[PDB]
Structure formats: structure tokens, C-alpha cells
């Protein structure tokens, strides 16, 4: 359970459910949290790089919104490297009582270094 040679954070909870301030978060068999029960926007984006400031405007455009409450939400890169999800900080962010985890920023960068053996994870349905 690594990406880029780094241990997936909290991957020891793969297949298990953890509690956070905002509710229970299930970790899948690969060690990635499933934030689909909490997402307010789940949008496919072509050309994600893992650069937050570059990627968020692309997600916002696909989500058809120009602003969001930054005190309440944070954008999550799904491990598919193709989807951004607008998640409550209470489940996503350690600072707000959420669960530490590894996400799609790592996978995108891993795949650039491993072009003949990419990690190809399935995508959630858009919302």
C-alpha cells in the first residue's frame, strides 16, 4: 500500500471504518478513504496535475459554481486522478477532526513516474 514509494497514510485501516468529527469514513481495499457519502460536488476533470491552485478552478468550472465556503469544505483529489470532490473538512482535514489520508495528488505524480505501470483506479459517479 504505497504511492510514489511512500506508505499510504492510515493504510493500516484498509477495509475498515474510522470515526471522524463529521462521521464515519470507510477506507477501501487499497487504503484510500471513500468520501462519496459526504461529497457535495463530484466532478470529472481532464488535466489534473495535483497542483491545488491550478486544479481547483477546473473543478469549480465543472461544478458550475464560482465560490464555496472555505471554512467548511475542501477539494479532494480522488485516487482515479480524474475526479475532484468537495468534502467537509470535518471528515477530510486533520485540523478539523477529519482523518489523515493519501489522495489523488500522489497518484497523479506516481503515474507520471510510472507510465508503463500506472495505478488506474475506478471513478465515482459524478454529482
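Numbering follows the first chain given and starts at 1.
Visitor: Comparing 74 to 82 with 25 to 33, which stretch shows the greater average C-alpha B-factor in the deposited entry?
Guide: Here the higher of the two C-alpha B-factor means belongs to 25 to 33.
Visitor: Report the stretch with the higher mean CA temperature factor, choosing between 99 to 107 and 6 to 14 on the basis of the entry.
Guide: Between 99 to 107 and 6 to 14, it is 6 to 14.
Visitor: From 87, 48, 65, 53, pick the one with the largest CA B-factor in the entry?
Guide: Largest recorded C-alpha B-factor: 65.
Visitor: Of the three thirds of its chain by CA temperature factor, lowest, middle or highest, which one includes residue 114?
Guide: For residue 114, the deposited C-alpha B-factor lands in the lowest third.
Visitor: Comparing residue 58 with the other modelled residues of its chain, is its CA B-factor in the lowest, middle or highest third?
Guide: Middle third of the chain for residue 58's C-alpha B-factor.
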